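Residue numbering restarts at 1 for every chain, and letters A, B, ... go by the order of the sequence lines. Because only heavy atoms are used, hydrogens play no part in the values below, and waters and symmetry mates are left out as well, while side chains stay in.
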Amino acid sequence: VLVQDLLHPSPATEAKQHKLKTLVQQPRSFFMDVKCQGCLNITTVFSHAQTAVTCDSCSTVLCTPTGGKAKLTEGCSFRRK
Amino acid sequence: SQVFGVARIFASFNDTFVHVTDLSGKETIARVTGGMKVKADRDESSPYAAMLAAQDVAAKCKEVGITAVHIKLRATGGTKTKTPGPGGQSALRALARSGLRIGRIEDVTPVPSXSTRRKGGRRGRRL
Amino acid sequence: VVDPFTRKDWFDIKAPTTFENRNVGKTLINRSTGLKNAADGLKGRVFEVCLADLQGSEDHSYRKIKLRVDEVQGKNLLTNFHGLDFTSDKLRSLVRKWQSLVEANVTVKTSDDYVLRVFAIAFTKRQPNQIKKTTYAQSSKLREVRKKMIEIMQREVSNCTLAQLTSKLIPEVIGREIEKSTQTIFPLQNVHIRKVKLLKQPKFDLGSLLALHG
Amino acid sequence: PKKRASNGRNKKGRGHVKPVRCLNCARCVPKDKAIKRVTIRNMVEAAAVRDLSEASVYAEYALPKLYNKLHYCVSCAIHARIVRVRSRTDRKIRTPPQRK
Amino acid sequence: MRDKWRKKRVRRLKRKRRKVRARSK
RNA sequence: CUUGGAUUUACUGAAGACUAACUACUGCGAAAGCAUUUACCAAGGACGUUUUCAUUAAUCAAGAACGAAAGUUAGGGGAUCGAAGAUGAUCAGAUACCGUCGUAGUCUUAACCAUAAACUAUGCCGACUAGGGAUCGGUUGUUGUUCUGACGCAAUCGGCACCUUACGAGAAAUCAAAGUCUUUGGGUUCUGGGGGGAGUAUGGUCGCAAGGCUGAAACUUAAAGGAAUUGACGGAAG
Ligand SMILES: [Mg+2]
Ligand SMILES: [Mg+2]
Ligand SMILES: [Mg+2]
Ligand SMILES: [Mg+2]
Ligand SMILES: [Mg+2]
Ligand SMILES: [Mg+2]
Ligand SMILES: [Mg+2]
Ligand SMILES: [Mg+2]
Ligand SMILES: [Mg+2]
Ligand SMILES: [Mg+2]
Ligand SMILES: [Mg+2]
Ligand SMILES: [Mg+2]
Ligand SMILES: [Mg+2]
Ligand SMILES: [Mg+2]
Ligand SMILES: [Mg+2]
Ligand SMILES: [Mg+2]
Ligand SMILES: [Mg+2]
Ligand SMILES: [Mg+2]
Ligand SMILES: [Mg+2]
Ligand SMILES: [Mg+2]
Ligand SMILES: [Mg+2]
Ligand SMILES: [Mg+2]
Ligand SMILES: [Mg+2]
Ligand SMILES: [Mg+2]
Ligand SMILES: [Mg+2]
Ligand SMILES: [Mg+2]
Ligand SMILES: [Zn+2]
Ligand SMILES: [Zn+2]
């Protein structure tokens with residue numbers, strides 16, 4: 001392809017790119033609001049969390065760290081902020 | 001019914017052993033080699049010598065009462081060749097064709113799980 | 001000069017009751033003389049007989065059982081279990097390329113203090129919908145399978161007597177349990193106990209052996 | 001000049017490969033370089049599979065196979081015609097020969 | 001001649017030279 | 001070597017080595033190299049990260065660590081192969097190839113040695129230039145699939161490679177780098193200057209030695225050499 005709009009790439013091909021290989025690099029991670037099943041208390045958790053985060057109310061582990069995104073424990077529902 | 005021995009056929013590339021024992025292998029009944037059938041060393045391992053050795057083995061087996069045998073064919077094995085010699089196939093066909101009954105057949109060539117150094121040197125035997 | 005076959009006496013080999021066809025075959029030995037009794041020189045002999053012969057079924061054609069005689073009753077030989085092994089052709093027909101082979105062994109003693117080495121073997125299974133050429137398991141998975149093999153052989157040997165273990169070995173109970181236990185690690189095929197070795201035997205119990213002979 | 005881009009062996013991303021002995025002459029040859037053939041032959045020749053089945057005491061007894069993997073050095077293989085000299089352009093073809 | 005044997009011949013001749021010079025040091 | 005029972009057969013044991021098959025245009029390591037299980041010890045790349053510090057970096061005379069095999073010194077081991085040696089063949093002669101034995105060695109512990117066609121015969125760092133399918137590790141999205149894992153389908157980062165083309169390069173063989181080089185300049189280290197004499201002599205230095213590193217000249221010489229073409233020949237194939 002000799003002629004191509006480099007300033008306005010197609011968002012479909014833009015979304016398959018590596019996070020550092022876009023026009024302006026931007027993280028693909030996010031922050032979540034985690035509802036444990038026992039109670040209702042907003043606890044902000046990083047999507048790619050490296051810590052076994054526990055909510056303040058009840059000392060229950062919300063997520064277990066993995067290679068990539070943190071894995072939420074059973075009964076824990078997340079909502080992206 | 002039948003009386004089983006064990007026909008331990010060791011077929012190397014220089015000779016052929018037809019050795020019939022009992023089930024345990026502690027009692028030798030008949031051991032005839034291809035070198036007992038010819039007067040030339042070059043054909044001690046010939047199929048013809050193996051066939052004659054097998055016929056003499058079968059004749060000895062019959063007069064002792066062995067009516068069937070299990071087969072344990074082996075090559076030299078170890079660090080040497082794992083393919084059976086040319087006489088093992090002839091000794092097996094002659095035994096089957098001599099009225100002896102055939103049971104299980106197995107290859108029992110010794111195979112190392114690695115091994116010691118094989119003769120010939122690094123460059124092999126140059127011919 | 002003497003025809004040593006005129007002095008041979010034939011004996012019958014009897015297998016333990018764990019098998020079906022207990023009439024293993026016939027052997028011979030020098031006839032009992034004054035210097036040497038036939039009994040002492042005849043006991044301790046080991047016969048290697050195919051399990052398909054000991055059971056009639058052709059499903060056991062690739063396994064062969066060693067029976068060790070340790071009591072003589074007239075012309076009958078009372079044998080006991082001496083070891084298990086796969087045939088060489090069976091093992092060679094199982095060891096293909098483009099798959100992972102996993103092996104394990106363990107030294108374990110039975111309830112009646114029979115010291116055994118038990119060898120387990122398995123291969124990675126190709127899924128029916130698989131497209132890629134090879135079926136390799138990661139070495140961590142192979143270590144987990146090997147550990148599960150070892151603790152299953154240890155449990156299923158230390159928890160039973162040698163006769164019961166023989167009755168477990170014939171239908172591949174342990175191999176089926178290893179395959180079931182490793183389902184969540186990696187699909188496996190041809191899980192077998194491919195060899196059992198007697199290292200040390202307990203003090204001879206003729207009554208216990210006789211219970212294994214009818 | 002350079003005859004083969006692979007230098008006549010199969011070592012890339014590797015430093016050293018332990019040797020194997022030629023089946024025919026016991027020459028030390030690198031494992032990646034050795035010409036390896038897997039042969040599965042019937043243990044009984046087809047002429048004798050009949051008389052041995054008639055002499056068999058077992059109804060429906062399957063004759064065992066003979067499994068073997070053979071290693072040859074370049075000289076062993078060329079001499080035994082396991083591999084042959086190919087043309088310059090035909091050397092690159094590395095698919096198994098279409099005979100079977 | 002082969003380079004390896006040419007090298008061996010020269011090594012043996014250097015060895016001889018050193019041994020000969022050592023007599024008079 | 002063998003009727004003094006060899007070879008063969010079953011059982012048992014002991015020694016040293018070595019880790020077959022699985023094993024691959026697959027993995028790891030700075031390279032040399034690394035393949036039975038488990039435990040322990042300390043490392044490591046890649047990936048993931050909306051963590052942290054902010055130029056701390058690239059290449060490097062001098063100077064260091066490691067460095068196949070063989071070899072040296074001293075203990076231990078010495079199964080198997082096996083320099084030297086002994087021996088039987090072949091031959092005109094073979095103290096060569098072939099056969100049977102065999103000592104150093106091969107293994108290990110303390111030290112030395114510092115070299116290999118140590119090769120990808122291709123320095124390292126950075127950027128860009130072309131299509132494609134595989135594959136290993138990580139991550140992220142998803143099935144007419146088997147039983148969470150496996151597999152399947154997509155993306156991506158990193159590797160080991162491979163196939164096609166030749167924009168381009170090249171003397172050509174060939175090369176996705178050996179391209180972006182007379183339209184000659186991204187950074188930097190090392191090396192070469194016709195063939196021999198010669199990696200020799202001499203001096204120095206390291207080494208127990210074997211030897212390593214550094215390293216000439218006289219004299220001699222018109223080619224030596226690289227890649228490819230046609231032919232001729234081959235105790236090469238068809
Ligand atoms: Mg030749
Ligand atoms: Mg995996
Ligand atoms: Mg050439
Ligand atoms: Mg190398
Ligand atoms: Mg192994
Ligand atoms: Mg691997
Ligand atoms: Mg490196
Ligand atoms: Mg510098
Ligand atoms: Mg320096
Ligand atoms: Mg020593
Ligand atoms: Mg001579
Ligand atoms: Mg020797
Ligand atoms: Mg030494
Ligand atoms: Mg060295
Ligand atoms: Mg050098
Ligand atoms: Mg190389
Ligand atoms: Mg160089
Ligand atoms: Mg450099
Ligand atoms: Mg670059
Ligand atoms: Mg640039
Ligand atoms: Mg992947
Ligand atoms: Mg990512
Ligand atoms: Mg190319
Ligand atoms: Mg390349
Ligand atoms: Mg010059
Ligand atoms: Mg040329
Ligand atoms: Zn909570
Ligand atoms: Zn060769």
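At the heavy-atom level, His48(A) lies under 4.0 Å from the strands shown only through sugar-phosphate atoms. Note on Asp15(B): nothing from the nucleic acid sits closer than 4.0 angstrom, heavy atoms only. Counting any heavy atom pair closer than 4.0 Å across all strands shown, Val10(E) reaches sugar-phosphate atoms only and no base atom. Across all strands shown, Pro27(A) has heavy atoms under 4.0 Å from base atoms, whether or not it also approaches the sugar-phosphate. Looking at heavy-atom distances under 4.0 Å, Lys66(C) makes contact with sugar-phosphate atoms alone, never a base. The residue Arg143(C) sits close only to the backbone: its heavy atoms come under 4.0 Å of sugar-phosphate atoms, none of a base. At a threshold of 4.0 angstrom between heavy atoms, the contacts of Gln26(A) with the nucleic acid are absent. Base engagement by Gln50(A) is indicated by at least one non-hydrogen atom pair under 4.0 Å involving a base atom. Counting any heavy atom pair closer than 4.0 Å across all strands shown, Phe17(B) reaches a base atom. Counting any heavy atom pair closer than 4.0 Å across all strands shown, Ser24(B) reaches sugar-phosphate atoms only and no base atom. Counting non-hydrogen atoms under 4.0 angstrom, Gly25(B) reaches a base of the nucleic acid. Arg126(C) comes within 4.0 angstrom of no nucleic acid atom, judged by non-hydrogen atoms across all strands. Within 4.0 Å of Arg21(E), counting heavy atoms only, lie sugar-phosphate atoms of the nucleic acid but no base atom. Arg126(B) comes within contact range of the sugar-phosphate backbone alone, with a heavy-atom separation under 4.0 Å but no base atom that close.
Side-chain atoms of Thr81(B) come within 3.5 Å of backbone atoms of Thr83(B) as a donor-acceptor pair (strictly under, hydrogens ignored).
Phosphate contact (OP1/OP2 of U122(F), side-chain N/O of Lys2(D), threshold under 4.0 Å): absent. At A209(F), none of the side-chain N or O atoms of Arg18(E) fall inside 4.0 Å of OP1 or OP2 (strictly under the cut-off). Between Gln138(C) and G149(F) there is no side-chain polar atom (N or O) within less than 4.0 angstrom of OP1 or OP2. In this structure, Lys119(B) does not reach the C101(F) phosphate: none of its side-chain N or O atoms is under 4.0 Å from OP1 or OP2. A close approach under 4.0 Å does not occur between any side-chain nitrogen or oxygen of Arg31(B) and OP1 or OP2 of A6(F). Look at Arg84(D) and you'll find a side-chain N or O under 4.0 angstrom from OP1 or OP2 of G238(F). Contact annotation: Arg28(A) side-chain N/O to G141(F) OP1/OP2 distance is not under 4.0 Å. Side-chain nitrogen and oxygen atoms of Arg8(B) include at least one within less than 4.0 Å of the OP1 or OP2 phosphate oxygen of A10(F). A sub-4.0 Å separation between OP1 or OP2 of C162(F) and a side-chain N or O of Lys92(D) is absent.
For an aromatic pair to be called close, the ring centres must be under 6.0 Å apart, and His70(B) with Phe4(B) satisfies this.
Going from the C1' atom of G225(F) to that of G196(F) covers 13 Å, rounded to whole Å.
Stacking check, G82(F) with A83(F): criteria not both met, so the pair falls outside the 5.5 Å centre and 30° angle limits. Under a stacking criterion requiring six-membered ring centres under 5.5 Å apart and planes under 30°, the adjacent bases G193(F) and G194(F) are classed as not stacked. In this strand, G234(F) does not stack on its neighbour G235(F) by the test of ring centres under 5.5 angstrom and planes under 30 degrees. The six-membered rings of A111(F) and its strand neighbour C112(F) lie with centres under 5.5 Å apart and planes within less than 30°, so the two bases count as stacked. Annotated as not stacked: the bases of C34(F) and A35(F), by the 5.5 Å centre and 30° plane rule.
The partner of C119(F) cannot be assigned: no Watson-Crick or G-U wobble pair with both contacts below 3.5 Å exists in any strand. The partner of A228(F) cannot be assigned: no Watson-Crick or G-U wobble pair with both contacts below 3.5 Å exists in any strand. Pair assignment for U182(F) gives none, since no Watson-Crick or G-U wobble pairing has each distance under 3.5 Å. Using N1 to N3 plus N6-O4 or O6-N4 for Watson-Crick, or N1-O2 and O6-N3 for G-U wobble, each under 3.5 Å, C112(F) pairs with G71(F). Under the Watson-Crick or G-U wobble criterion, with both distances below 3.5 Å, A222(F) has no partner in any strand shown. Look at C107(F): its Watson-Crick or wobble partner, with both distances under 3.5 angstrom, is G76(F). Pair assignment for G141(F): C153(F), on the basis of Watson-Crick or G-U wobble contacts that are both within less than 3.5 Å.
A 6.0 Å sphere centred on CZ of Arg2(E) holds more than 12 heavy atoms belonging to other residues, nucleotides or ligands. Applying the 6.0 Å contact sphere to NZ of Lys71(A) captures no more than 12 heavy atoms from other residues, nucleotides or ligands.
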Fill in the blank from the handout: Reading nucleotides 22-31 of chain F from 5' to 3' and marking B where a protein heavy atom lies under 4.0 Å of the base, S where only the sugar-phosphate is that close, and - otherwise, the string is BBSBBBBB--
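A donor-acceptor pair shorter than 3.5 Å cannot be found between the side chains of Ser12(B) and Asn14(B). Counting only N and O atoms by type, the side chains of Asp22(B) and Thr27(C) include a donor and acceptor under 3.5 Å apart.
The base of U145(F) has none of its N or O atoms less than 3.5 Å from a complementary donor or acceptor on the side chain of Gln127(C).
A distance below 2.5 Å between sulfur gamma atoms is met by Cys76(D) and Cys22(D).
Under 4.0 Å is where a charged nitrogen must lie from a carboxylate oxygen, and between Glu48(C) and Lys66(C) no such pair does.
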